[PDB]
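A.B. asks: Quick one: the structure is below, questions incoming.
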Amino acid sequence: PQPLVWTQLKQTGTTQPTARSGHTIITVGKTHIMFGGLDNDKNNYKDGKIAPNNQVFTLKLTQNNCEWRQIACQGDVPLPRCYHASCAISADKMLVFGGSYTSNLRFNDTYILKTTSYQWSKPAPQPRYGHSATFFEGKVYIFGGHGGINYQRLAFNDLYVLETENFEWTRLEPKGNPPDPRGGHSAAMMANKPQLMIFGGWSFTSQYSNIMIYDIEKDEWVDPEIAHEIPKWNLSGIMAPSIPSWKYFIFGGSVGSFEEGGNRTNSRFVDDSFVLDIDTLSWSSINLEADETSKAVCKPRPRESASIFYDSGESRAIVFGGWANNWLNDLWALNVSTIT
Amino acid sequence: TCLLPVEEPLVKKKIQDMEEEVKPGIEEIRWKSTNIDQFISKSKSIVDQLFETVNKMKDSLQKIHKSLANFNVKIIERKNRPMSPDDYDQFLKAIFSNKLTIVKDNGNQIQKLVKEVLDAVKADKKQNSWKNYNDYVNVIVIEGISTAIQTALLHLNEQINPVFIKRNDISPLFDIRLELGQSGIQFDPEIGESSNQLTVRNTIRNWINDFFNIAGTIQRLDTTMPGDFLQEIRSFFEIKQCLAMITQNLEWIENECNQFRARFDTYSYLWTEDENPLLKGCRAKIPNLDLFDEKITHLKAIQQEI
C-alpha cells in the first residue's frame with residue numbers, strides 16, 4: 001500500500017515486438033533498443049526459427065504514445081534467431097554474447113552492433129544461455145547460467161570477464177566459496193561501491209534469492225543478507241536499478257517455494273513489485289492501495305523485459321511483452337514517484 | 001560403421017585396441033597345405049568379443065530410445081478424452097496418477113538402463129564416458145517429455161471454436177450455474193473461479209500446473225538430486241508454447257461470458273430496491289390506484305418475461 005503509478009501505454013506501427021519475452025531493452029542516453037526474444041509464426045519450422053527474429057526494433061515515445069519501427073542492420077548477422085542472450089554497450093557498440101537457438105541449442109558467439117553505423121561485426125567462454133551479464137566499461141562480466149552444447153552442461157557458478165581493449169576472456173577466481181551454480185538470476189551493480197550483485201537465481205528445480213557481491217578491486221565475494229518484506233524465492237523478475245539512492249526495483253517473475261523433495265512445480269507468478277534499498281539492504285513492497293483499483297495493475301509475469309525510461313517527464317520502470325503465463329504484447333510503465 | 005553412429009570416443013579407443021594381427025611366421029603358413037587355422041581363429045575371437053559389445057550397444061541404444069515412446073503414448077491416450085467435470089475430474093486425478101505410475105515404472109527402468117549402460121560402456125574410467133553418454137540421453141529424455149505435454153496441452157487446445165468442422169460442446173463438459181445473489185449476478189463457478197486460482201477454489205489452470213508436475217518428475221542422471229522440470233519450462237516456451245493458446249482461449253471464453261453477464265444485467269430490471277421507497281414516491285405523486293395496478297401489470301409482464 002505504498003505509492004506507485006501504473007500505466008498501460010499505447011503502441012503504433014505494424015512492427016511491434018508483440019507476443020515476445022526473453023528479449024532485451026537496452027538504453028544508453030536515448031538509445032532505447034529492442035532485440036531478440038521469441039514469438040510464434042505458425043507457418044513452418046523456418047518461421048518458428050525466425051520467431052525470435054534478429055529484428056532490432058526502435059521506439060519513439062510521445063506522452064505514452066509509442067511509434068515502433070524496425071532498424072536496419074548490416075555486417076555479420078547470424079542466420080538463426082536468438083533468445084536468453086546477454087548484451088552490453090560501449091558508448092556506441094552493442095556487445096552481444098550467449099543465448100541459444102530453440103531448435104538445436106546453438107549458442108551465439110560474441111557479436112557487436114555499431115549503432116552509429118547500424119551494422120554488425122563478429123569480434124570472436126563456456127557456451128551458455130540463461131546467464132547474466134554486465135559491463136564495467138572496461139570489462140564485460142558474465143556469471144552463472146546454463147550450458148549444454150555438445151556436452152549437456154549443468155548450471156554454472158563460474159564467471160568471466162571480457163576485455164574490450166585486449167579482446168580476451170579471463171577467469172575470475174572465486175575467493176568466496178558460497179556462490180553456487182545458478183542461472184536465470186539477477187546480476188547488476190551497486191553504485192555505492194564498484195561491485196556486482198547476485199540476487200539468487202535458478203538451480204536444479206530450485207529458485208534462489210540470496211545476495212552475493214563481487215568486489216573487483218579485491219576480486220572476491222561478500223555475502224550480505226536481506227530482510228524487510230523480501231521476495232522470498234523468485235526468478236525471471238523484472239529489474240530496474242536506481243543509481244541515485246541505490247535502489248533495486250523488482251516486479252513479478254517466477255515465484256513459488258517448496259522443498260526439494262517435492263515436485264514443487266507450482267511456480268505461480270506474482271504481480272507485486274519491491275524495492276531493495278542497498279544502503280539499508282531493505283526490501284519494500286511498492287504495492288499500492290491509494291490508487292483507483294488493483295485491477296489496473298499488470299498481471300503476474302516472468303521473462304518480460306524492463307528498463308528505466310522517462311515518459312511524460314519522470315523516470316519510471318517499463319515492462320514490455322512477457323510471460324503473464326504465456327504471451328504478452330502489452331507495454332507497461334510504473335511511474336517512479338518522488339522517492340528517487 | 002558401428003561405433004560412429006553412437007559417436008563414442010570410448011568405442012573408438014576400442015577399435016584402436018581391436019586389430020587383426022597376423023605374424024611374420026604366418027606369411028609362411030599357407031604354403032604348407034596342412035591344417036593352418038590359427039590366425040583366423042585368433043582374429044575371429046577378437047571379432048566375436050567386439051560383436052557381443054556391438055549387440056550390447058545396439059540393445060542399450062534401442063531400449064533407451066524406446067522407453068521414451070511409452071511416456072508419449074501413455075500421455076496421449078490419457079489426455080485425448082478427459083471429459084472431467086469436477087468429479088469425473090476427481091477421478092481423472094487418479095487416472096493421471098496411473099500416468100505418473102507409468103512414469104515411475106519407466107523410472108524403475110531408468111535404474112535398469114543406467115545399469116545396462118554400465119555394462120555397455122565397459123570402461124574403467126567409467127565416468128568420462130558416462131559424460132559423453134548421459135549428456136545425450138538426458139537431452140533426448142527432455143525432448144520426449146516435451147512432446148508428451150505437447151500432445152496433452154494441444155488436446156485441450158482443441159476445445160475452443162465450435163465452428164471449425166463441428167461444434168465443440170459435444171460431450172458433458174463442466175457445468176456452471178447462474179444465481180441472483182445479494183441482488184446481483186453471481187456465477188458460483190465464476191469466470192474468475194474457473195479462471196485464476198483464488199482462496200475459495202481452483203480449476204483448469206491449477207489442473208494444468210499439476211499435470212505439469214505429474215509429467216516432469218523423473219530421476220535424472222548426474223547425481224540424481226534434482227529433477228528435469230526446467231528443460232521442460234524452457235522447451236515448451238522455446239518453440240511449442242501451447243500454454244499460449246491456452247491463456248488466450250481461456251480469456252476469450254472469459255470475455256464471452258462477461259458479455260453474457262452484461263446481457264443478463266440488461267433485463268431492464270430496477271436495482272432491486274425496496275418496495276417502500278418506490279411506493280412512497282408514487283404516494284407523493286398521489287395517483288389513482290389504477291396507476292399502481294398498471295405498475296403491477298408491468299411487474300406481472302416482467303415475471304412473464306422471466
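Chain identifiers are assigned as A, B, and so on, following the order in which chains appear in the C-alpha cells; residues are numbered from 1 within each chain, and ligands are numbered from 1 in order of appearance.
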Near chain A, which residues of chain B fall within 10 Å when you count only C-alpha atoms, and what do they look like as a PyMOL selection string?
C.D. replies: chain B and resi 131-139+197+205-206+209-218+222+224-231+233-248
A.B. asks: If we count only C-alpha atoms and set the cut-off at 9 Å, which residues sit around residue A:238, ignoring sequence neighbours fewer than 4 positions away in its own chain? Please answer as a PyMOL selection string.
C.D. replies: chain A and resi 249-253+273+301-307+319
A.B. asks: Can you spit out the residues from that selection as a compact mmCIF listing (two decimals), in the first residue's frame, using N, CA and C atoms?
C.D. replies:
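result-v3.txt, freshly written:
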# COMPACT_ATOMS: atom_id res chain seq x y z
N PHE A 249 14.74 -2.36 -8.17
CA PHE A 249 13.30 -2.45 -8.39
C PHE A 249 13.01 -3.80 -9.03
N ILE A 250 12.23 -4.63 -8.34
CA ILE A 250 11.84 -5.94 -8.84
C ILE A 250 10.33 -5.94 -9.03
N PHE A 251 9.87 -6.67 -10.03
CA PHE A 251 8.45 -6.85 -10.28
C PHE A 251 8.17 -8.27 -10.74
N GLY A 252 7.17 -8.90 -10.13
CA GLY A 252 6.71 -10.18 -10.63
C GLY A 252 7.79 -11.23 -10.72
N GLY A 253 7.74 -12.01 -11.79
CA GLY A 253 8.69 -13.08 -12.02
C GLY A 253 8.16 -14.42 -11.55
N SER A 273 5.52 -5.59 -6.86
CA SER A 273 6.84 -5.04 -7.08
C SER A 273 7.45 -4.66 -5.74
N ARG A 301 3.79 -12.11 -14.05
CA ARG A 301 4.50 -12.42 -15.28
C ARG A 301 6.02 -12.52 -15.10
N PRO A 302 6.64 -13.64 -15.52
CA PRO A 302 8.11 -13.67 -15.67
C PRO A 302 8.58 -13.39 -17.10
N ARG A 303 9.90 -13.33 -17.30
CA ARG A 303 10.52 -13.32 -18.63
C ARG A 303 10.24 -12.03 -19.42
N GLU A 304 9.59 -11.04 -18.82
CA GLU A 304 9.43 -9.76 -19.51
C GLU A 304 10.78 -9.09 -19.66
N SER A 305 10.79 -8.00 -20.40
CA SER A 305 11.95 -7.13 -20.45
C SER A 305 11.58 -5.78 -19.87
N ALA A 306 12.56 -5.16 -19.21
CA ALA A 306 12.35 -3.92 -18.47
C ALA A 306 13.50 -2.97 -18.72
N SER A 307 13.29 -1.72 -18.32
CA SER A 307 14.31 -0.68 -18.38
C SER A 307 13.77 0.55 -17.66
N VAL A 319 7.78 -2.11 -18.52
CA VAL A 319 7.64 -3.55 -18.64
C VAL A 319 7.01 -3.83 -20.00
A.B. asks: Any idea what's packed within 10 Å of residue A:57, counting only C-alpha atoms, ignoring anything in its chain fewer than 4 positions away? Could you give it as a PDB file with N, CA and C atoms, in the first residue's frame?
C.D. replies:
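result.pdb, written as the output of this step:
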ATOM      1  N   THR A  15       5.028  -3.012 -37.121  1.00  0.00           N
ATOM      2  CA  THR A  15       6.090  -3.733 -36.434  1.00  0.00           C
ATOM      3  C   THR A  15       6.061  -3.387 -34.954  1.00  0.00           C
ATOM      4  N   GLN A  16       5.708  -4.364 -34.121  1.00  0.00           N
ATOM      5  CA  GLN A  16       5.753  -4.206 -32.682  1.00  0.00           C
ATOM      6  C   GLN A  16       6.198  -5.551 -32.135  1.00  0.00           C
ATOM      7  N   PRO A  17       7.074  -5.577 -31.134  1.00  0.00           N
ATOM      8  CA  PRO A  17       7.552  -6.868 -30.622  1.00  0.00           C
ATOM      9  C   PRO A  17       6.473  -7.596 -29.836  1.00  0.00           C
ATOM     10  N   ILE A  25      15.630  -4.897 -23.496  1.00  0.00           N
ATOM     11  CA  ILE A  25      15.516  -3.452 -23.651  1.00  0.00           C
ATOM     12  C   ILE A  25      16.792  -2.827 -23.113  1.00  0.00           C
ATOM     13  N   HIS A  32      17.173   3.601 -26.740  1.00  0.00           N
ATOM     14  CA  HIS A  32      16.271   2.554 -26.268  1.00  0.00           C
ATOM     15  C   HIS A  32      16.054   1.569 -27.411  1.00  0.00           C
ATOM     16  N   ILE A  33      16.607   0.367 -27.270  1.00  0.00           N
ATOM     17  CA  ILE A  33      16.740  -0.573 -28.374  1.00  0.00           C
ATOM     18  C   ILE A  33      16.181  -1.931 -27.968  1.00  0.00           C
ATOM     19  N   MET A  34      15.509  -2.581 -28.917  1.00  0.00           N
ATOM     20  CA  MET A  34      14.921  -3.898 -28.730  1.00  0.00           C
ATOM     21  C   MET A  34      15.683  -4.923 -29.561  1.00  0.00           C
ATOM     22  N   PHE A  35      15.813  -6.138 -29.029  1.00  0.00           N
ATOM     23  CA  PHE A  35      16.492  -7.201 -29.758  1.00  0.00           C
ATOM     24  C   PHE A  35      16.139  -8.549 -29.150  1.00  0.00           C
ATOM     25  N   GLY A  36      16.118  -9.571 -30.005  1.00  0.00           N
ATOM     26  CA  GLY A  36      15.935 -10.930 -29.548  1.00  0.00           C
ATOM     27  C   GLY A  36      14.527 -11.190 -29.038  1.00  0.00           C
ATOM     28  N   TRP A  68       6.636   2.449 -33.273  1.00  0.00           N
ATOM     29  CA  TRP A  68       7.624   1.392 -33.399  1.00  0.00           C
ATOM     30  C   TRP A  68       8.062   1.257 -34.850  1.00  0.00           C
ATOM     31  N   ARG A  69       9.372   1.132 -35.057  1.00  0.00           N
ATOM     32  CA  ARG A  69       9.917   0.931 -36.393  1.00  0.00           C
ATOM     33  C   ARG A  69      11.144   0.040 -36.297  1.00  0.00           C
ATOM     34  N   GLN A  70      11.263  -0.914 -37.214  1.00  0.00           N
ATOM     35  CA  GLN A  70      12.441  -1.767 -37.229  1.00  0.00           C
ATOM     36  C   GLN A  70      13.634  -0.999 -37.782  1.00  0.00           C
ATOM     37  N   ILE A  71      14.793  -1.208 -37.171  1.00  0.00           N
ATOM     38  CA  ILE A  71      16.016  -0.547 -37.588  1.00  0.00           C
ATOM     39  C   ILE A  71      16.710  -1.413 -38.630  1.00  0.00           C
ATOM     40  N   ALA A  72      17.587  -0.792 -39.411  1.00  0.00           N
ATOM     41  CA  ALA A  72      18.368  -1.537 -40.381  1.00  0.00           C
ATOM     42  C   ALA A  72      19.593  -2.155 -39.711  1.00  0.00           C
TER      43      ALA A  72
END
A.B. asks: Taking into account only C-alpha atoms, which residue in the set B:46, B:12, B:185, B:122 is nearest to residue B:262?
C.D. replies: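 Of all the options, B:185 lies closest to residue B:262.
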